[PDB]
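Throughout, numbering of the chain's residues begins at 1 and tracks the sequence. Both backbone and side-chain heavy atoms feed into the values below; hydrogens, waters and symmetry mates do not.
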Amino acid sequence: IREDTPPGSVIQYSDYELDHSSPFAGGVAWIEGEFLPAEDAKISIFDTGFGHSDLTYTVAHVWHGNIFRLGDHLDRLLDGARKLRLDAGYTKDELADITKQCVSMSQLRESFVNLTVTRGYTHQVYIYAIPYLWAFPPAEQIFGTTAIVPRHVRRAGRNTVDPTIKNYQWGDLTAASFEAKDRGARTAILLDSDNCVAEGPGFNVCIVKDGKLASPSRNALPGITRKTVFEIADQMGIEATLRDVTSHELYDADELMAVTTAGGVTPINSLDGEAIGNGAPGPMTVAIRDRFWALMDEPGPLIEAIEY
Ligand SMILES: Cc1ncc(COP(=O)(O)O)c(C=O)c1O
């Protein structure tokens, strides 16, 4: 339900206890129209979401009992489903109610919330709310992580397995993560076929150079964390641009950061074993990350309180 986070840092879990009398406590899944405890959640092996990975999905997070940008996530999920000729069979409002009920039943104040739409065996909608998941550990959110550029892997292009529609087809992402681990790095930043920056295994990459922020426009998910970071940057008076970022620019960056729903804004201290800047989290990354976590507690349109 919780994990250690750096003391006095912007990231702190809620202080509360689960009611274990409820079978729903700690995880809830909605499958084939029925809410279920997460542990028993199961899907037909014959769903083409398995055999063909014929699906799209989104993930939203809950922090301090508030779900973040659920409407944007549902818009993205439904837009991608339409591009894949998938019919969820539920309206955006209906999905929102079900999702929020999954969180409420789990009792989780911090949660990783998944909505998946699959072609099915009749299209299927699967939803779950489970304890908070970290793409990078809390310590790395605060003190930074390490990356490599794969020698042997590139990101799949938009004309193959399209990264702009969120998907479970991680063959290149998994291969890149193994290469990073083999090389002693925490993660990988993948290039596309033209040696432009694409994205990482589970995150977008933002590049800071000369006081400006850039992020890839082509072979990358249009991330909601990235959208949030760009809004924060705009409010700070920083110019933030979605554009092609060349491999030259990646290696020459003043700061690098990974951004994703599961854990937020992660500084990247080094690339290919070479320090980025001073080898510690950059000033713009720190400013944006701290503002991002403040949004989770501030009343506004980006967050909605779950009713437990
Ligand atoms: C491949 C990939 N790119 C980018 C992201 C970040 O997207 P978002 O900020 O909407 O979670 C994710 C989410 O983990 C992802 O899986």
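The line from CG of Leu84 to CG of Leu55 is 8.0 Å long, rounded to the nearest 0.5 Å. Residue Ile11 holds its CD1 atom at 12.5 Å from CG of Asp4, rounded to the nearest 0.5 Å. The structure places CD1 of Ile276 at 10.0 Å from CD of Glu255, a figure rounded to the nearest 0.5 Å.
Among all heavy-atom pairs drawn from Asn269 and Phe143, the shortest one is ND2-O, 2.9 Å. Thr58 approaches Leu77 most closely through the heavy-atom pair N-CD1, 3.8 Å. Minimum interatomic distance between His73 and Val59 (heavy atoms only, all atoms of both residues): CE1-O, 2.8 Å. The minimum heavy-atom distance linking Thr266 with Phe136 is given by the pair OG1-CD1, 3.5 Å. Nearest heavy-atom pair, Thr260 versus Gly202, reported as atom, atom and distance to 0.1 Å: OG1-O, 2.8 Å. Nearest approach of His20 to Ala25, heavy atoms of both residues: ND1-CB, 4.1 Å.
For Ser14, the side-chain hydrogen bond (donor to acceptor under 3.5 Å, both in side chains) test picks out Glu110, with sequence neighbours left out. For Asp79, the salt bridge (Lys or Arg N to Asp or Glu O under 4.0 Å) partners at least two apart in sequence or on another chain are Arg82, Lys83.
Between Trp134 and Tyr13, the ring planes are perpendicular. Angles over 60° get that label, and only those under 30° would be called parallel. A tilted orientation is assigned to the rings of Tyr168 and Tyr57, their planes being inclined by 30° to 60°. Relative orientation of the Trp293 and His61 rings is tilted, given thresholds of 30° and 60° on the angle between their planes.
Counted by atom type alone, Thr164 and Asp162 present one or more donor-acceptor pairs between their side chains at under 3.5 Å. There is a side-chain donor-acceptor pair under 3.5 Å between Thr5 and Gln12. With hydrogens and angles left out, the side-chain atoms of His123 and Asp87 include no donor and acceptor closer than 3.5 Å. Using modelled atom types, one finds no donor on one side chain facing an acceptor on the other under 3.5 Å when comparing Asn114 with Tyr126.
Screening residues 272-281 for side chain to side chain donor-acceptor pair (under 3.5 Å), with sequence neighbours left out, gives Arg183-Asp272, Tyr251-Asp272. Applying the side chain to side chain donor-acceptor pair (under 3.5 Å) rule to pairs touching residues 149-160 yields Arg154-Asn195, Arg155-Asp172, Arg155-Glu199, sequence neighbours excluded. Annotation: ring pair (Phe, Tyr, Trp, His ring centres under 6.0 Å) contacts involving residues 212-234, sequence neighbours excluded, are absent.
Annotation: cation-pi pair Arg109/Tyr308 present, NZ/CZ under 6.0 Å from the ring centroid and within 45° of its normal.
Looking only at side-chain heavy atoms (C-beta outward), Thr228 and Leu295 come within less than 4.5 Å of each other. Looking at heavy atoms from C-beta onward, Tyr90 lies in side-chain contact with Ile98 at the 4.5 angstrom threshold. Residues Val205 and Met257 are not in side-chain contact: their nearest non-hydrogen atoms beyond the backbone lie 4.5 Å or more apart.
Ion pairing of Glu249 with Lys209 is absent here, as no side-chain N (NZ or NE/NH1/NH2) approaches a carboxylate O to less than 4.0 Å. A salt bridge does not link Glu231 to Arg226: none of the charged nitrogens lies less than 4.0 Å from a carboxylate oxygen. A salt bridge is defined here as a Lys NZ or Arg NE, NH1 or NH2 lying under 4.0 Å from an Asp or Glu carboxylate O, and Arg218 with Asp192 fails to meet this definition.
Other cluster members for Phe178: none, since no ILVMFWY side-chain heavy atom sits under 4.5 Å from it.
Between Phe24 and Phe35, a ring centre-to-centre spacing not shorter than 6.0 Å is recorded.
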